[PDB]
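Chemist: Input my_file_26.cif, format and content: mmCIF, N, CA and C atoms.
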```cif
data_protein
#
loop_
_atom_site.label_atom_id
_atom_site.label_comp_id
_atom_site.auth_asym_id
_atom_site.auth_seq_id
_atom_site.Cartn_x
_atom_site.Cartn_y
_atom_site.Cartn_z
N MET F 1 4.56 10.05 -14.74
CA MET F 1 4.49 8.92 -15.66
C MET F 1 3.74 9.29 -16.94
N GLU F 2 4.21 8.79 -18.08
CA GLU F 2 3.50 9.02 -19.34
C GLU F 2 2.09 8.45 -19.25
N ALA F 3 1.12 9.23 -19.72
CA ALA F 3 -0.28 8.83 -19.73
C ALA F 3 -0.76 8.79 -21.17
N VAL F 4 -1.44 7.71 -21.52
CA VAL F 4 -1.85 7.43 -22.90
C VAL F 4 -3.34 7.11 -22.89
N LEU F 5 -4.10 7.79 -23.74
CA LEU F 5 -5.52 7.48 -23.89
C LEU F 5 -5.71 6.07 -24.43
N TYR F 6 -6.77 5.41 -23.95
CA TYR F 6 -7.06 4.05 -24.40
C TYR F 6 -7.01 3.92 -25.92
N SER F 7 -7.72 4.79 -26.64
CA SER F 7 -7.78 4.63 -28.09
C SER F 7 -6.40 4.73 -28.72
N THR F 8 -5.57 5.64 -28.21
CA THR F 8 -4.22 5.80 -28.74
C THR F 8 -3.37 4.57 -28.45
N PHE F 9 -3.48 4.05 -27.23
CA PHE F 9 -2.77 2.83 -26.86
C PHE F 9 -3.16 1.66 -27.77
N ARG F 10 -4.47 1.44 -27.95
CA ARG F 10 -4.94 0.36 -28.81
C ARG F 10 -4.43 0.53 -30.24
N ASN F 11 -4.42 1.76 -30.74
CA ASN F 11 -4.04 2.02 -32.13
C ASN F 11 -2.55 1.87 -32.37
N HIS F 12 -1.74 1.86 -31.31
CA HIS F 12 -0.29 1.82 -31.45
C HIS F 12 0.31 0.85 -30.45
N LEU F 13 -0.34 -0.31 -30.29
CA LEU F 13 -0.01 -1.21 -29.20
C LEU F 13 1.44 -1.68 -29.26
N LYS F 14 1.89 -2.14 -30.43
CA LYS F 14 3.27 -2.62 -30.54
C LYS F 14 4.27 -1.50 -30.27
N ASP F 15 4.00 -0.30 -30.77
CA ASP F 15 4.90 0.82 -30.50
C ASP F 15 5.03 1.08 -29.00
N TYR F 16 3.92 1.03 -28.27
CA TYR F 16 4.00 1.28 -26.83
C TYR F 16 4.69 0.15 -26.09
N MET F 17 4.49 -1.10 -26.52
CA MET F 17 5.22 -2.20 -25.92
C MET F 17 6.72 -2.04 -26.12
N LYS F 18 7.13 -1.65 -27.33
CA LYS F 18 8.54 -1.41 -27.58
C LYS F 18 9.05 -0.24 -26.74
N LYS F 19 8.23 0.79 -26.56
CA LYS F 19 8.65 1.96 -25.78
C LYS F 19 8.95 1.59 -24.33
N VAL F 20 8.03 0.88 -23.66
CA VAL F 20 8.27 0.59 -22.25
C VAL F 20 9.49 -0.29 -22.09
N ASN F 21 9.73 -1.17 -23.07
CA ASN F 21 10.94 -1.99 -23.05
C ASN F 21 12.18 -1.14 -23.29
N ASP F 22 12.16 -0.33 -24.34
CA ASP F 22 13.38 0.38 -24.73
C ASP F 22 13.73 1.49 -23.75
N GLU F 23 12.75 2.04 -23.04
CA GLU F 23 12.96 3.15 -22.13
C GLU F 23 13.06 2.74 -20.67
N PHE F 24 12.71 1.50 -20.31
CA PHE F 24 12.66 1.08 -18.91
C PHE F 24 11.83 2.06 -18.08
N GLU F 25 10.67 2.44 -18.64
CA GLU F 25 9.75 3.39 -18.01
C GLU F 25 8.31 2.91 -18.23
N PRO F 26 7.50 2.86 -17.18
CA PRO F 26 6.10 2.45 -17.31
C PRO F 26 5.26 3.57 -17.92
N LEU F 27 4.06 3.21 -18.35
CA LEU F 27 3.08 4.21 -18.75
C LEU F 27 1.73 3.82 -18.19
N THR F 28 0.84 4.80 -18.08
CA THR F 28 -0.53 4.58 -17.64
C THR F 28 -1.46 4.73 -18.83
N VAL F 29 -2.41 3.81 -18.97
CA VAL F 29 -3.46 3.91 -19.97
C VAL F 29 -4.72 4.45 -19.32
N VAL F 30 -5.24 5.53 -19.90
CA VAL F 30 -6.31 6.34 -19.34
C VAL F 30 -7.62 5.93 -20.01
N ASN F 31 -8.58 5.47 -19.22
CA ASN F 31 -9.90 5.16 -19.74
C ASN F 31 -10.92 6.16 -19.21
N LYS F 32 -12.04 6.26 -19.92
CA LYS F 32 -13.16 7.04 -19.40
C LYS F 32 -13.69 6.42 -18.11
N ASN F 33 -13.70 5.08 -18.04
CA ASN F 33 -14.05 4.38 -16.81
C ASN F 33 -12.77 4.17 -16.03
N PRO F 34 -12.59 4.81 -14.87
CA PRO F 34 -11.34 4.61 -14.11
C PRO F 34 -11.09 3.16 -13.70
N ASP F 35 -12.13 2.34 -13.54
CA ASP F 35 -11.90 0.95 -13.17
C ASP F 35 -11.38 0.09 -14.33
N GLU F 36 -11.02 0.70 -15.46
CA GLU F 36 -10.36 0.00 -16.54
C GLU F 36 -8.91 0.43 -16.67
N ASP F 37 -8.47 1.37 -15.85
CA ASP F 37 -7.17 1.99 -16.07
C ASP F 37 -6.05 1.07 -15.65
N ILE F 38 -4.96 1.13 -16.39
CA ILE F 38 -3.89 0.16 -16.23
C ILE F 38 -2.55 0.86 -16.29
N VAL F 39 -1.55 0.13 -15.83
CA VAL F 39 -0.15 0.47 -15.99
C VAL F 39 0.49 -0.64 -16.80
N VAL F 40 1.34 -0.23 -17.75
CA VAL F 40 2.04 -1.12 -18.65
C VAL F 40 3.53 -0.87 -18.45
N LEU F 41 4.30 -1.93 -18.29
CA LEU F 41 5.75 -1.81 -18.14
C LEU F 41 6.40 -3.04 -18.72
N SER F 42 7.71 -2.97 -18.95
CA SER F 42 8.38 -4.15 -19.47
C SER F 42 8.46 -5.26 -18.42
N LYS F 43 8.48 -6.51 -18.89
CA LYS F 43 8.76 -7.61 -17.98
C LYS F 43 10.11 -7.41 -17.30
N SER F 44 11.09 -6.88 -18.02
CA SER F 44 12.39 -6.62 -17.40
C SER F 44 12.27 -5.68 -16.21
N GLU F 45 11.54 -4.57 -16.37
CA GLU F 45 11.38 -3.65 -15.25
C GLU F 45 10.54 -4.25 -14.13
N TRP F 46 9.48 -4.99 -14.47
CA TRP F 46 8.71 -5.66 -13.43
C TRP F 46 9.59 -6.61 -12.63
N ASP F 47 10.41 -7.40 -13.32
CA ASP F 47 11.29 -8.34 -12.64
C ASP F 47 12.29 -7.60 -11.77
N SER F 48 12.82 -6.48 -12.27
CA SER F 48 13.67 -5.60 -11.47
C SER F 48 12.98 -5.21 -10.17
N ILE F 49 11.72 -4.75 -10.25
CA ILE F 49 10.97 -4.38 -9.06
C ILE F 49 10.83 -5.58 -8.12
N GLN F 50 10.46 -6.74 -8.66
CA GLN F 50 10.19 -7.89 -7.80
C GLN F 50 11.46 -8.45 -7.18
N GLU F 51 12.55 -8.52 -7.96
CA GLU F 51 13.83 -8.96 -7.41
C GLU F 51 14.31 -8.02 -6.33
N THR F 52 14.19 -6.71 -6.57
CA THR F 52 14.61 -5.72 -5.58
C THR F 52 13.80 -5.86 -4.29
N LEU F 53 12.50 -6.09 -4.41
CA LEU F 53 11.65 -6.25 -3.23
C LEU F 53 12.09 -7.45 -2.39
N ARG F 54 12.35 -8.58 -3.04
CA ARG F 54 12.74 -9.78 -2.30
C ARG F 54 14.14 -9.64 -1.71
N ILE F 55 15.08 -9.06 -2.47
CA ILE F 55 16.42 -8.81 -1.94
C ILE F 55 16.35 -7.87 -0.75
N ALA F 56 15.57 -6.79 -0.86
CA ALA F 56 15.46 -5.84 0.24
C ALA F 56 14.84 -6.48 1.48
N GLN F 57 13.89 -7.40 1.29
CA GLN F 57 13.32 -8.10 2.44
C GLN F 57 14.36 -8.99 3.11
N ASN F 58 15.23 -9.62 2.32
CA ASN F 58 16.29 -10.45 2.89
C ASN F 58 17.30 -9.61 3.67
N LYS F 59 17.65 -8.44 3.14
CA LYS F 59 18.65 -7.58 3.79
C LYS F 59 18.03 -6.78 4.93
N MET O 1 2.16 -16.04 -12.48
CA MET O 1 1.39 -14.97 -13.10
C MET O 1 0.74 -15.43 -14.40
N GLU O 2 -0.49 -14.98 -14.65
CA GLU O 2 -1.16 -15.30 -15.91
C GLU O 2 -0.34 -14.77 -17.08
N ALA O 3 -0.19 -15.60 -18.10
CA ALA O 3 0.55 -15.25 -19.30
C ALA O 3 -0.40 -15.30 -20.48
N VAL O 4 -0.36 -14.26 -21.31
CA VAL O 4 -1.30 -14.08 -22.41
C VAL O 4 -0.51 -13.80 -23.68
N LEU O 5 -0.79 -14.55 -24.74
CA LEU O 5 -0.15 -14.30 -26.03
C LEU O 5 -0.54 -12.92 -26.56
N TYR O 6 0.41 -12.26 -27.22
CA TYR O 6 0.15 -10.95 -27.79
C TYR O 6 -1.16 -10.90 -28.58
N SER O 7 -1.36 -11.83 -29.51
CA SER O 7 -2.55 -11.75 -30.36
C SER O 7 -3.82 -11.85 -29.53
N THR O 8 -3.81 -12.70 -28.51
CA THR O 8 -4.98 -12.85 -27.65
C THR O 8 -5.24 -11.58 -26.84
N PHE O 9 -4.17 -10.99 -26.31
CA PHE O 9 -4.28 -9.73 -25.58
C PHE O 9 -4.87 -8.63 -26.47
N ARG O 10 -4.32 -8.46 -27.67
CA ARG O 10 -4.82 -7.45 -28.60
C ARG O 10 -6.29 -7.68 -28.92
N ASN O 11 -6.68 -8.94 -29.12
CA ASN O 11 -8.04 -9.26 -29.53
C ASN O 11 -9.05 -9.08 -28.42
N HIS O 12 -8.60 -8.98 -27.17
CA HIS O 12 -9.51 -8.91 -26.03
C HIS O 12 -9.02 -7.86 -25.04
N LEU O 13 -8.57 -6.72 -25.56
CA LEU O 13 -7.86 -5.74 -24.75
C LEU O 13 -8.71 -5.24 -23.59
N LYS O 14 -9.95 -4.83 -23.86
CA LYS O 14 -10.80 -4.32 -22.80
C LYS O 14 -11.08 -5.39 -21.75
N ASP O 15 -11.32 -6.63 -22.18
CA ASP O 15 -11.55 -7.70 -21.21
C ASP O 15 -10.35 -7.87 -20.28
N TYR O 16 -9.14 -7.82 -20.82
CA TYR O 16 -7.96 -7.98 -19.97
C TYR O 16 -7.75 -6.79 -19.04
N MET O 17 -8.04 -5.58 -19.52
CA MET O 17 -7.97 -4.41 -18.64
C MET O 17 -8.94 -4.54 -17.48
N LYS O 18 -10.17 -4.99 -17.76
CA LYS O 18 -11.13 -5.20 -16.69
C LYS O 18 -10.67 -6.30 -15.76
N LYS O 19 -10.04 -7.35 -16.29
CA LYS O 19 -9.58 -8.45 -15.45
C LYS O 19 -8.53 -8.00 -14.44
N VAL O 20 -7.50 -7.28 -14.89
CA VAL O 20 -6.45 -6.91 -13.94
C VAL O 20 -7.00 -5.97 -12.89
N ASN O 21 -7.98 -5.15 -13.25
CA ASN O 21 -8.65 -4.29 -12.27
C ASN O 21 -9.49 -5.12 -11.31
N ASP O 22 -10.34 -5.99 -11.85
CA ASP O 22 -11.30 -6.67 -11.00
C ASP O 22 -10.64 -7.72 -10.11
N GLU O 23 -9.49 -8.25 -10.52
CA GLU O 23 -8.81 -9.31 -9.79
C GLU O 23 -7.64 -8.81 -8.95
N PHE O 24 -7.19 -7.56 -9.12
CA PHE O 24 -6.00 -7.07 -8.42
C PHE O 24 -4.83 -8.03 -8.62
N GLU O 25 -4.65 -8.47 -9.87
CA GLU O 25 -3.59 -9.42 -10.25
C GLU O 25 -3.02 -8.99 -11.61
N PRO O 26 -1.70 -8.90 -11.72
CA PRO O 26 -1.06 -8.55 -13.00
C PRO O 26 -1.09 -9.73 -13.97
N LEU O 27 -0.81 -9.43 -15.23
CA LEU O 27 -0.59 -10.48 -16.21
C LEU O 27 0.61 -10.10 -17.07
N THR O 28 1.21 -11.10 -17.71
CA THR O 28 2.32 -10.90 -18.63
C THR O 28 1.82 -11.14 -20.04
N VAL O 29 2.19 -10.26 -20.97
CA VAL O 29 1.92 -10.45 -22.39
C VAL O 29 3.17 -10.99 -23.06
N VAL O 30 2.99 -12.11 -23.75
CA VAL O 30 4.07 -12.93 -24.31
C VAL O 30 4.20 -12.59 -25.78
N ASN O 31 5.37 -12.12 -26.20
CA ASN O 31 5.64 -11.88 -27.61
C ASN O 31 6.66 -12.88 -28.12
N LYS O 32 6.68 -13.06 -29.44
CA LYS O 32 7.74 -13.84 -30.05
C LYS O 32 9.09 -13.16 -29.84
N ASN O 33 9.12 -11.82 -29.88
CA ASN O 33 10.32 -11.06 -29.55
C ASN O 33 10.28 -10.77 -28.07
N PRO O 34 11.17 -11.34 -27.25
CA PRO O 34 11.13 -11.06 -25.81
C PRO O 34 11.29 -9.58 -25.46
N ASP O 35 11.96 -8.79 -26.29
CA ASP O 35 12.11 -7.37 -25.98
C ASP O 35 10.83 -6.56 -26.21
N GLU O 36 9.71 -7.22 -26.49
CA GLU O 36 8.41 -6.57 -26.55
C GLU O 36 7.53 -6.96 -25.38
N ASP O 37 8.02 -7.83 -24.52
CA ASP O 37 7.15 -8.43 -23.51
C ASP O 37 6.87 -7.45 -22.39
N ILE O 38 5.65 -7.51 -21.87
CA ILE O 38 5.18 -6.51 -20.94
C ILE O 38 4.42 -7.17 -19.80
N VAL O 39 4.25 -6.39 -18.76
CA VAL O 39 3.37 -6.69 -17.65
C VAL O 39 2.30 -5.60 -17.61
N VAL O 40 1.07 -6.04 -17.39
CA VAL O 40 -0.11 -5.18 -17.33
C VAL O 40 -0.73 -5.38 -15.96
N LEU O 41 -1.05 -4.29 -15.28
CA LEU O 41 -1.70 -4.36 -13.98
C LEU O 41 -2.58 -3.13 -13.81
N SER O 42 -3.48 -3.18 -12.83
CA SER O 42 -4.32 -2.01 -12.62
C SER O 42 -3.51 -0.85 -12.05
N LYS O 43 -3.95 0.37 -12.35
CA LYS O 43 -3.38 1.53 -11.69
C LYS O 43 -3.52 1.42 -10.18
N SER O 44 -4.65 0.87 -9.71
CA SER O 44 -4.83 0.69 -8.27
C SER O 44 -3.72 -0.19 -7.68
N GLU O 45 -3.44 -1.33 -8.31
CA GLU O 45 -2.38 -2.19 -7.79
C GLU O 45 -1.00 -1.54 -7.93
N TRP O 46 -0.74 -0.86 -9.04
CA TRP O 46 0.54 -0.16 -9.17
C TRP O 46 0.71 0.86 -8.05
N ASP O 47 -0.35 1.64 -7.78
CA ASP O 47 -0.28 2.64 -6.72
C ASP O 47 -0.06 1.99 -5.38
N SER O 48 -0.74 0.85 -5.14
CA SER O 48 -0.49 0.05 -3.94
C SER O 48 0.98 -0.30 -3.79
N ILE O 49 1.60 -0.79 -4.87
CA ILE O 49 3.03 -1.12 -4.84
C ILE O 49 3.86 0.12 -4.52
N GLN O 50 3.56 1.24 -5.18
CA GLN O 50 4.40 2.43 -5.02
C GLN O 50 4.21 3.06 -3.64
N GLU O 51 2.97 3.12 -3.15
CA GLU O 51 2.72 3.63 -1.81
C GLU O 51 3.40 2.77 -0.76
N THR O 52 3.30 1.45 -0.92
CA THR O 52 3.94 0.52 0.01
C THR O 52 5.45 0.71 0.03
N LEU O 53 6.05 0.89 -1.15
CA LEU O 53 7.50 1.09 -1.23
C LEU O 53 7.93 2.35 -0.47
N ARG O 54 7.20 3.45 -0.67
CA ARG O 54 7.58 4.70 -0.01
C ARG O 54 7.32 4.64 1.49
N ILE O 55 6.20 4.04 1.90
CA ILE O 55 5.92 3.87 3.33
C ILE O 55 6.99 3.00 3.97
N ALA O 56 7.35 1.89 3.31
CA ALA O 56 8.37 0.99 3.86
C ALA O 56 9.72 1.69 3.98
N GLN O 57 10.05 2.56 3.02
CA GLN O 57 11.31 3.31 3.13
C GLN O 57 11.28 4.26 4.31
N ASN O 58 10.12 4.87 4.58
CA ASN O 58 10.00 5.77 5.73
C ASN O 58 10.13 5.01 7.04
N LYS O 59 9.54 3.82 7.13
CA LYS O 59 9.57 3.02 8.36
C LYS O 59 10.89 2.27 8.50
#
```
Could you express the structure from this file as structure tokens?
Modeler:
Amino acid sequence: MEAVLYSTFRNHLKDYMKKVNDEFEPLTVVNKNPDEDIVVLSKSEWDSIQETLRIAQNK
Amino acid sequence: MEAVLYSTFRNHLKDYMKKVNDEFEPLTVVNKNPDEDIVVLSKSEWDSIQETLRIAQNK
């Protein structure tokens, strides 16, 4: 997964939001404090994951 | 899921990163352009999802 330093993510926030949407690929934001670290993905991909999970549970 | 306007998310980025970590709960960032919309969650929770998916496929 693409990994992005916090400062770089903050400095280019809209670009990264467009990237995860346009690429259907998540990224990780890297902090010096690991308890701040996050994953960013499009709502479309998140919904894909959640719909797939519920469909798979039904099947 | 908690929904956060883009401007509010940008203005309080570190607070929201700490929130998704401390709460083990994702949030959605709401843009005027839906193709910019994202989900933010902790790396810990993402890893939980991915480990669970692979374990469930094995079982």
Chemist: Please, which residues in chain F fall within 7 Å of chain O when counting all atoms listed in the file, and what is the closest atom pair and distance in Å to one decimal for each, ordered by chain then residue number, as a tab-separated table?
Modeler:
```
residue	atom	partner	partner_atom	distance
F:17	C	O:36	CA	4.9
F:18	N	O:36	CA	5.1
F:21	CA	O:35	C	5.6
F:22	N	O:35	C	6.6
F:35	C	O:21	CA	5.6
F:36	CA	O:17	C	4.8
F:37	C	O:43	N	4.0
F:38	CA	O:43	N	3.9
F:39	N	O:41	C	4.0
F:40	CA	O:39	C	4.6
F:41	C	O:39	N	4.0
F:42	CA	O:38	CA	4.2
F:43	N	O:38	CA	3.9
F:44	N	O:37	C	6.1
F:46	CA	O:39	CA	6.9
```
Chemist: Using the chain letters and numbers from this document, which residues of chain F does DSSP assign to helix (DSSP H, G or I), as a VMD selection string?
Modeler: chain F and resid 6 to 11 13 to 23 34 to 36 43 to 58
Chemist: Pick out each residue of chain F that DSSP on the backbone tags as strand (DSSP E or B); I need them as a JSON list (two decimals) with N, CA and C atoms, keeping the file's coordinate frame.
Modeler:
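Result saved to result-v8.json:
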```
[["chain", "number", "residue", "atom", "x", "y", "z"],
["F", 2, "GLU", "N", 4.21, 8.79, -18.08],
["F", 2, "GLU", "CA", 3.50, 9.02, -19.34],
["F", 2, "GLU", "C", 2.09, 8.45, -19.25],
["F", 3, "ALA", "N", 1.12, 9.23, -19.72],
["F", 3, "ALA", "CA", -0.28, 8.83, -19.73],
["F", 3, "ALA", "C", -0.76, 8.79, -21.17],
["F", 4, "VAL", "N", -1.44, 7.71, -21.52],
["F", 4, "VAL", "CA", -1.85, 7.43, -22.90],
["F", 4, "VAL", "C", -3.34, 7.11, -22.89],
["F", 5, "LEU", "N", -4.10, 7.79, -23.74],
["F", 5, "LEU", "CA", -5.52, 7.48, -23.89],
["F", 5, "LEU", "C", -5.71, 6.07, -24.43],
["F", 27, "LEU", "N", 4.06, 3.21, -18.35],
["F", 27, "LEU", "CA", 3.08, 4.21, -18.75],
["F", 27, "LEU", "C", 1.73, 3.82, -18.19],
["F", 28, "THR", "N", 0.84, 4.80, -18.08],
["F", 28, "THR", "CA", -0.53, 4.58, -17.64],
["F", 28, "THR", "C", -1.46, 4.73, -18.83],
["F", 29, "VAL", "N", -2.41, 3.81, -18.97],
["F", 29, "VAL", "CA", -3.46, 3.91, -19.97],
["F", 29, "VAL", "C", -4.72, 4.45, -19.32],
["F", 30, "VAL", "N", -5.24, 5.53, -19.90],
["F", 30, "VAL", "CA", -6.31, 6.34, -19.34],
["F", 30, "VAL", "C", -7.62, 5.93, -20.01],
["F", 38, "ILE", "N", -4.96, 1.13, -16.39],
["F", 38, "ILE", "CA", -3.89, 0.16, -16.23],
["F", 38, "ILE", "C", -2.55, 0.86, -16.29],
["F", 39, "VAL", "N", -1.55, 0.13, -15.83],
["F", 39, "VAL", "CA", -0.15, 0.47, -15.99],
["F", 39, "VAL", "C", 0.49, -0.64, -16.80],
["F", 40, "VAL", "N", 1.34, -0.23, -17.75],
["F", 40, "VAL", "CA", 2.04, -1.12, -18.65],
["F", 40, "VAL", "C", 3.53, -0.87, -18.45],
["F", 41, "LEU", "N", 4.30, -1.93, -18.29],
["F", 41, "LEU", "CA", 5.75, -1.81, -18.14],
["F", 41, "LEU", "C", 6.40, -3.04, -18.72],
["F", 42, "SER", "N", 7.71, -2.97, -18.95],
["F", 42, "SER", "CA", 8.38, -4.15, -19.47],
["F", 42, "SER", "C", 8.46, -5.26, -18.42]]
```
Chemist: Go through O:54, O:59, O:25, O:48 and flag the residue nearest residue 2 in chain O, using all atoms listed in the file for the distances.
Modeler: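 Of the candidates, the smallest distance to residue 2 in chain O is held by O:25.
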Chemist: Could you state the separation of atom N of residue 7 in chain O and atom C of residue 12 in chain F in Å, given to one decimal place?
Modeler: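 About the pair atom N of residue 7 in chain O and atom C of residue 12 in chain F: they are 12.8 Å apart.
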Chemist: Atom C of residue 33 in chain F and atom N of residue 52 in chain O, how far apart in Å?
Modeler: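 Between atom N of residue 52 in chain O and atom C of residue 33 in chain F the gap is 22.2 Å.
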Chemist: What does the distance between atom C of residue 55 in chain O and CA of residue 3 in chain F come to in Å, to one decimal place?
Modeler: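 Atom-to-atom, atom C of residue 55 in chain O and CA of residue 3 in chain F are spaced 25.5 Å apart.
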